[PDB]
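*Asks:* Handing you a structure now.
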Protein chains: 2
Amino acid sequence: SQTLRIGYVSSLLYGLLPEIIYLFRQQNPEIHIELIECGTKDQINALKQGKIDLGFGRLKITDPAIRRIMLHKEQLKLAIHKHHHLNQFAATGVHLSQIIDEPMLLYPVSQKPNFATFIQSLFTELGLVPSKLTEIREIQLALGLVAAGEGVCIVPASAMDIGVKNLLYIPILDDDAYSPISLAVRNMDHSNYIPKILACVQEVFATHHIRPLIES
Amino acid sequence: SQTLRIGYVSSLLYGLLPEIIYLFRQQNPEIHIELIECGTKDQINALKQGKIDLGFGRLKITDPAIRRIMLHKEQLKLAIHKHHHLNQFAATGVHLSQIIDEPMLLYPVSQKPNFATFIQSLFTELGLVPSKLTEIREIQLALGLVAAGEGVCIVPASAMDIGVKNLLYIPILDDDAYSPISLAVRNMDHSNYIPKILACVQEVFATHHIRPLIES
Ligand SMILES: [Cl-]
Ligand SMILES: [Cl-]
């Protein structure tokens, strides 16, 4: 009985990751699985120090000791109330420069760096400043508050499946407006669970008709 | 001008509450609304102190100074991975006695008593002791972890719409297996917003073809 410690960020549990983990565990009943909530930012040191074996995150950091495998790039969307005036762009999409003056909900409230610092940098690199930012502690709260009439919110594509009601999701047209999904492992690690879990990634992605970046 | 402070349990944002609030907002544009996250327990003192005016709650907690209006009862379900062995009860349902030894997830991690304490109280009232309990910090996480194969999770009916794929929601058949949605106000409060918000509750419930249980 091998033990496999998998670090995850909460923002992947509403996407394909649970299904990927389930398939792996079904196919490898000998392996005891420990799922550990671990911020994208903390996974590098966790892996180095042997506290996790696999880090699933939104990692935009390469470390010399770490093999970072980019699985997917997730398009971002602007969640709006369905009768909000930006619903005119439901087909065509919007650029971030068009929405800077919207009451906008940033999430989460957690130790930095995080998805909020990422979303803020997207405006900063584009030379933009949102005038009406409010911090909300989690995406599911942000989305609910958008539905209640509190403004708009930028989310990854997979968040569209979070079942808050009466929303529309406007495609964000900007080239840099995407969030990566990453698998990180130690460079030294040649365990068979790595190719095995990558096979599960490819199979779950194919089930959902999403083309992955990697090629096994 | 008038400000209305509304306390809410975050999981209620997956249900009909945002549409209720949006409607109130549409019909009463002069009344500024503040939406404040506040657990059912904390709502009691927040109301006494005047920090909120309305408290939308997730379990039954009572206080002699606090008027509690039950809006709806949500039947409890056992969320399981679709391949879990209790799927043989998909077509009927289970009793709490049948699942006392399933690895199970409680939620949220917040000020108690909360939903997790309510669920534990249902077992206790039946003389039952769940043998493996793990507290998960939000329903969103908990359901993603069920999907990942971490166990089972008792949830209210509204949780069936959260959107985590590969789950089944098994009816829990015990008499006491329901979770109320209630509105709390100060007994001494006779403000204009109370009948107004209750009219919005009734309207939204009707718009969805679902029956309430208020004096009207
Ligand atoms: Cl809850
Ligand atoms: Cl609560």
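Quick note on naming: the chains in the structure tokens go A, B, ... in the order shown, residues restart at 1 in each chain, and ligands are numbered from 1 in order of appearance.
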Give the strand (DSSP E) residues of chain B, as DSSP finds them on the backbone, and put them as a VMD selection string.
*Replies:* chain B and resid 3 to 8 32 to 37 54 to 57 66 to 81 104 to 106 133 to 135 153 to 156 167 to 171 178 to 186
*Asks:* Show me which residues are within 10 Å of ligand 1 counting only C-alpha atoms and all ligand atoms, and format the list as JSON, numbers by chain.
*Replies:* {"B": [9, 10, 11, 12, 39, 40, 57, 58, 59, 106, 107, 108, 109, 110, 114, 115, 116, 118, 137, 138, 139, 155, 156, 159, 179]}
*Asks:* Show which residues sit within 10 Å of range 51-55 of chain B, as a PyMOL selection string. Count only C-alpha atoms, and ignore same-chain residues fewer than 4 positions away.
*Replies:* chain B and resi 3-9+34-47+68+182-186+189+191+193-194+197
*Asks:* Include N, CA, C and O atoms and write out the residues we just selected as a short mmCIF file (atom, residue, chain, number, x, y, z; two decimals), in the first residue's frame.
*Replies:*
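The result, stored in result.cif:
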```cif
data_model
loop_
_atom_site.label_atom_id
_atom_site.label_comp_id
_atom_site.auth_asym_id
_atom_site.auth_seq_id
_atom_site.Cartn_x
_atom_site.Cartn_y
_atom_site.Cartn_z
N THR B 3 -31.50 52.84 4.88
CA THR B 3 -30.56 51.75 4.66
C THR B 3 -31.12 50.50 5.32
O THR B 3 -31.56 50.54 6.47
N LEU B 4 -31.10 49.40 4.56
CA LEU B 4 -31.56 48.11 5.03
C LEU B 4 -30.36 47.16 5.11
O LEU B 4 -29.71 46.89 4.11
N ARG B 5 -30.06 46.70 6.32
CA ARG B 5 -28.94 45.79 6.54
C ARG B 5 -29.46 44.36 6.64
O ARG B 5 -30.26 44.04 7.52
N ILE B 6 -29.00 43.51 5.72
CA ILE B 6 -29.47 42.13 5.60
C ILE B 6 -28.32 41.15 5.88
O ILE B 6 -27.32 41.13 5.16
N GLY B 7 -28.47 40.37 6.94
CA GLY B 7 -27.54 39.29 7.25
C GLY B 7 -27.95 38.00 6.56
O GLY B 7 -29.14 37.73 6.41
N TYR B 8 -26.96 37.21 6.13
CA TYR B 8 -27.24 36.00 5.37
C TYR B 8 -26.17 34.93 5.58
O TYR B 8 -24.98 35.23 5.72
N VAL B 9 -26.62 33.68 5.56
CA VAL B 9 -25.74 32.52 5.56
C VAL B 9 -25.33 32.27 4.12
O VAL B 9 -26.18 32.23 3.23
N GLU B 34 -27.48 46.85 2.33
CA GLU B 34 -26.19 46.30 2.71
C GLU B 34 -26.35 44.81 2.97
O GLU B 34 -27.12 44.41 3.85
N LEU B 35 -25.63 44.00 2.20
CA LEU B 35 -25.63 42.55 2.39
C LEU B 35 -24.39 42.16 3.19
O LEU B 35 -23.26 42.40 2.77
N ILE B 36 -24.62 41.56 4.36
CA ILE B 36 -23.56 41.23 5.31
C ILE B 36 -23.63 39.73 5.62
O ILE B 36 -24.65 39.23 6.09
N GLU B 37 -22.54 39.01 5.37
CA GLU B 37 -22.49 37.60 5.74
C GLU B 37 -22.56 37.49 7.25
O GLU B 37 -21.83 38.18 7.96
N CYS B 38 -23.44 36.62 7.74
CA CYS B 38 -23.67 36.49 9.18
C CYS B 38 -24.37 35.16 9.44
O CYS B 38 -25.47 34.92 8.92
N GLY B 39 -23.73 34.29 10.21
CA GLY B 39 -24.28 32.98 10.49
C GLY B 39 -25.55 33.09 11.31
O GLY B 39 -25.81 34.11 11.94
N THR B 40 -26.35 32.02 11.29
CA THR B 40 -27.65 32.01 11.95
C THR B 40 -27.53 32.39 13.43
O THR B 40 -28.31 33.19 13.93
N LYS B 41 -26.53 31.83 14.11
CA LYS B 41 -26.32 32.11 15.54
C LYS B 41 -25.98 33.58 15.75
O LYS B 41 -26.63 34.26 16.55
N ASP B 42 -24.98 34.05 15.02
CA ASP B 42 -24.52 35.44 15.12
C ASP B 42 -25.59 36.47 14.76
O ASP B 42 -25.56 37.60 15.25
N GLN B 43 -26.52 36.08 13.90
CA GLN B 43 -27.63 36.95 13.53
C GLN B 43 -28.47 37.40 14.72
O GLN B 43 -29.01 38.50 14.71
N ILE B 44 -28.55 36.55 15.75
CA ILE B 44 -29.36 36.83 16.93
C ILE B 44 -28.89 38.10 17.60
O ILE B 44 -29.68 39.03 17.78
N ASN B 45 -27.61 38.15 17.98
CA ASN B 45 -27.03 39.35 18.60
C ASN B 45 -26.89 40.53 17.63
O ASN B 45 -27.06 41.67 18.03
N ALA B 46 -26.58 40.25 16.36
CA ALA B 46 -26.52 41.32 15.36
C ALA B 46 -27.87 42.04 15.27
O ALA B 46 -27.92 43.27 15.16
N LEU B 47 -28.96 41.28 15.31
CA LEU B 47 -30.29 41.88 15.34
C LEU B 47 -30.51 42.69 16.63
O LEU B 47 -30.97 43.83 16.58
N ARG B 68 -39.05 35.00 14.42
CA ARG B 68 -38.58 34.06 13.41
C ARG B 68 -39.74 33.65 12.50
O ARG B 68 -40.77 33.14 12.97
N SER B 182 -35.35 30.47 7.21
CA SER B 182 -36.16 31.36 8.02
C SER B 182 -35.66 32.80 7.94
O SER B 182 -34.50 33.05 7.62
N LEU B 183 -36.57 33.73 8.22
CA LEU B 183 -36.25 35.15 8.28
C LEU B 183 -36.40 35.56 9.74
O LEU B 183 -37.45 35.33 10.35
N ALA B 184 -35.35 36.17 10.30
CA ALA B 184 -35.37 36.65 11.67
C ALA B 184 -35.38 38.17 11.68
O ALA B 184 -34.66 38.80 10.92
N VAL B 185 -36.21 38.74 12.54
CA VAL B 185 -36.22 40.18 12.79
C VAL B 185 -36.41 40.40 14.29
O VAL B 185 -36.83 39.49 15.00
N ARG B 186 -36.09 41.60 14.75
CA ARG B 186 -36.39 41.99 16.12
C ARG B 186 -37.91 41.95 16.30
O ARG B 186 -38.64 42.40 15.42
N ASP B 189 -39.41 45.35 15.96
CA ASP B 189 -39.27 45.99 14.66
C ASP B 189 -40.59 45.91 13.89
O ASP B 189 -41.11 44.82 13.65
N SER B 191 -40.93 47.91 10.87
CA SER B 191 -40.51 48.76 9.76
C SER B 191 -41.22 48.37 8.46
O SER B 191 -41.68 47.23 8.30
N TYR B 193 -39.95 47.73 5.62
CA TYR B 193 -39.24 46.70 4.83
C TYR B 193 -39.66 45.25 5.11
O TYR B 193 -39.44 44.38 4.28
N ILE B 194 -40.28 45.00 6.26
CA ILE B 194 -40.64 43.63 6.64
C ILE B 194 -41.76 43.07 5.74
O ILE B 194 -41.56 42.04 5.08
N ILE B 197 -40.18 42.82 2.08
CA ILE B 197 -39.30 41.68 1.81
C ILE B 197 -40.09 40.37 1.78
O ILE B 197 -39.81 39.51 0.93
#
```
*Asks:* Can you list, as a PDB file with N, CA and C atoms, in the first residue's frame, every protein, DNA or RNA residue that comes within 9 Å of residue 199 in chain A when you count only C-alpha atoms, leaving out same-chain residues fewer than 5 positions away?
*Replies:*
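Saved the output as part_36.pdb:
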```pdb
ATOM      1  N   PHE A  24      -8.419   8.074 -10.941  1.00  0.00           N
ATOM      2  CA  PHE A  24      -7.147   7.549 -10.441  1.00  0.00           C
ATOM      3  C   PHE A  24      -7.353   6.572  -9.278  1.00  0.00           C
ATOM      4  N   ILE A 194       2.662   9.451 -11.481  1.00  0.00           N
ATOM      5  CA  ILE A 194       2.715  10.658 -12.317  1.00  0.00           C
ATOM      6  C   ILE A 194       2.185  10.372 -13.735  1.00  0.00           C
ATOM      7  N   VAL A 204     -10.233  12.307 -18.640  1.00  0.00           N
ATOM      8  CA  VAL A 204     -11.320  13.160 -18.141  1.00  0.00           C
ATOM      9  C   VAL A 204     -11.504  14.353 -19.086  1.00  0.00           C
ATOM     10  N   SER A 216       0.363  13.097 -24.137  1.00  0.00           N
ATOM     11  CA  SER A 216       0.909  11.838 -23.625  1.00  0.00           C
ATOM     12  C   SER A 216       1.142  10.843 -24.762  1.00  0.00           C
TER      13      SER A 216
END
```
*Asks:* Could you tell me which residues of chain B sit within 7 Å of chain A when counting only C-alpha atoms, and give me the result as a list in words?
*Replies:* residues 10, 13, 14, 18, 19, 21, 22, 141, 144, 145, 147, 148, 149, 161, 162, 163 and 164 of chain B
*Asks:* Could you save the residues just selected, with N, CA and C atoms, as a short mmCIF file (atom, residue, chain, number, x, y, z; two decimals), in the first residue's frame?
*Replies:*
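Once everything was written out, this is result-v7.cif:
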```cif
data_model
loop_
_atom_site.label_atom_id
_atom_site.label_comp_id
_atom_site.auth_asym_id
_atom_site.auth_seq_id
_atom_site.Cartn_x
_atom_site.Cartn_y
_atom_site.Cartn_z
N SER B 10 -24.03 32.08 3.89
CA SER B 10 -23.52 32.13 2.52
C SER B 10 -24.11 31.06 1.62
N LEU B 13 -27.05 31.62 -0.79
CA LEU B 13 -26.85 32.30 -2.07
C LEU B 13 -26.93 31.36 -3.28
N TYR B 14 -26.93 30.05 -3.04
CA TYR B 14 -27.13 29.08 -4.12
C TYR B 14 -28.61 28.87 -4.44
N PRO B 18 -30.87 35.32 -3.59
CA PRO B 18 -30.43 36.42 -4.47
C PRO B 18 -31.54 37.01 -5.36
N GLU B 19 -32.40 36.16 -5.91
CA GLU B 19 -33.54 36.65 -6.72
C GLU B 19 -34.54 37.44 -5.88
N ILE B 21 -33.72 39.18 -3.15
CA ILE B 21 -33.05 40.45 -2.88
C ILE B 21 -33.06 41.35 -4.13
N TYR B 22 -32.73 40.78 -5.28
CA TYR B 22 -32.75 41.54 -6.53
C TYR B 22 -34.13 42.17 -6.77
N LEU B 141 -16.61 23.14 -1.20
CA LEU B 141 -15.48 22.23 -0.99
C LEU B 141 -15.94 20.83 -0.68
N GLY B 144 -17.27 19.00 -3.75
CA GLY B 144 -16.13 18.66 -4.61
C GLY B 144 -15.34 17.48 -4.09
N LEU B 145 -15.21 17.38 -2.76
CA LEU B 145 -14.51 16.26 -2.12
C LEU B 145 -15.29 14.93 -2.17
N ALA B 147 -17.25 14.20 -4.70
CA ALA B 147 -16.93 13.87 -6.09
C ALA B 147 -15.54 13.24 -6.25
N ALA B 148 -14.59 13.69 -5.44
CA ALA B 148 -13.24 13.15 -5.48
C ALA B 148 -13.11 11.78 -4.79
N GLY B 149 -14.17 11.34 -4.11
CA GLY B 149 -14.22 10.04 -3.45
C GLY B 149 -13.88 10.07 -1.96
N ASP B 161 -28.52 21.75 -6.73
CA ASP B 161 -28.29 22.65 -7.86
C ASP B 161 -26.88 23.25 -7.90
N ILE B 162 -26.01 22.87 -6.96
CA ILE B 162 -24.69 23.51 -6.81
C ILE B 162 -23.80 23.33 -8.05
N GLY B 163 -23.97 22.20 -8.74
CA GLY B 163 -23.36 21.97 -10.04
C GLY B 163 -22.10 21.12 -10.07
N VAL B 164 -21.80 20.44 -8.97
CA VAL B 164 -20.64 19.53 -8.93
C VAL B 164 -21.07 18.24 -9.63
#
```
*Asks:* Enumerate as a ChimeraX atom specification all residues of range 24-193 of chain B assigned to helix (DSSP H, G or I) by DSSP on the backbone, naming them with the chain letters and numbers the document uses.
*Replies:* /B:24-27,40-49,85-89,96-99,115-125,139-147,157-161,193
*Asks:* Quick check, in Å to one decimal: how far apart do CA of residue 82 in chain B and CA of residue 168 in chain B lie?
*Replies:*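 CA of residue 168 in chain B lies 5.1 Å from CA of residue 82 in chain B.
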